[PDB]
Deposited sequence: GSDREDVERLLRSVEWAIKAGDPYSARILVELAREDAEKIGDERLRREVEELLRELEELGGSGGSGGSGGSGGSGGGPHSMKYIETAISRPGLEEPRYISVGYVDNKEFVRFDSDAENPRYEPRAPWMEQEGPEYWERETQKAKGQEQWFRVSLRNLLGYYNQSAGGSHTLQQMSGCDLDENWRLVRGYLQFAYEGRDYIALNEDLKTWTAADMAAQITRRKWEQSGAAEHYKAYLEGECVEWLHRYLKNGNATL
């Protein structure tokens, strides 16, 4: 219905604002098919305008899981960016899903790098499908509709390639849900459901795991990416 399409449209704006046109485009193509069967002129128009819309350093990975009523299992997408430029990509829809280089400078990382990145994506796929099922209960919404879960994580660096900000924030139905604070120690919860998540994650010390990544491996491999390009 229209409510499904508005959720898809909200996720487009989030995907656009987070810097991933690959998932923004898949999402708006979904919303555009739905709008043309429904026949809502304002929605149809909102699809076109988003269709129209489509030193310091940074690395971010934007991850997307999309549940549709004909999808026995959701699609899972992950696209990584260095200084706003795509360098790696995984899509659960490929005949052989795996991370693949999108930049020429990435083609000198060898086999062990790619198998482990792909292992991470296969675990993320299962994490997103479990969390989607959890959110459905939190909000008491019906499984038949469309639903999206989106994640952005990574780091910003100053002129000296030093950490200025680590980030790890989630969207559900294209709306802000939970976000790691700049202390990398506490969480901001954007609604009542997310307060259940925050409690859980505070109680199990989940922030610590993400802090270690953002301040360690994340900066460390961005440095190497920055010198390889």
{"item": "Deposited sequence positions missing from the model - stretches, numbered from 1, in order", "value": "1-2, 57-76, 252-255"}
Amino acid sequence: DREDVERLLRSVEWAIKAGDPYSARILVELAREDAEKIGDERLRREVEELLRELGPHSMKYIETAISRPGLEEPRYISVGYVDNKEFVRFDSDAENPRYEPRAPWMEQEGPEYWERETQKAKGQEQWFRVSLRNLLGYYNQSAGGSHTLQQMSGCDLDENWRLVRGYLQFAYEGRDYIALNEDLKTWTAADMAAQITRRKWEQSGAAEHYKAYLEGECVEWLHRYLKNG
From here on, numbers count along this sequence of modelled residues.
query: 127-135 or 82-90, whichever carries the higher mean Cα B-factor; finding: 82-90
query: Which of 190-198 and 43-51 has higher mean CA B factor, as the PDB entry lists it; finding: 43-51
query: Residue of maximum C-alpha B factor among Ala171, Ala65, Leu163, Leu168, per deposited coordinates; finding: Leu163
query: Among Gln119, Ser153, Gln108, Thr148 - the residue whose C-alpha B-factor is largest in the record; finding: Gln108
query: Third of the chain, ranked by Cα B-factor, where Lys17 sits; finding: highest
query: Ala35, C-alpha B-factor rank within chain (lowest, middle or highest third); finding: highest
query: Chain third (lowest, middle, highest) by recorded CA B-factor, residue given as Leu214; finding: lowest
query: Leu71 CA temperature factor, ranked by third within the chain; finding: highest
query: Third of the chain's Cα B-factor distribution that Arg175 belongs to, per the entry; finding: lowest
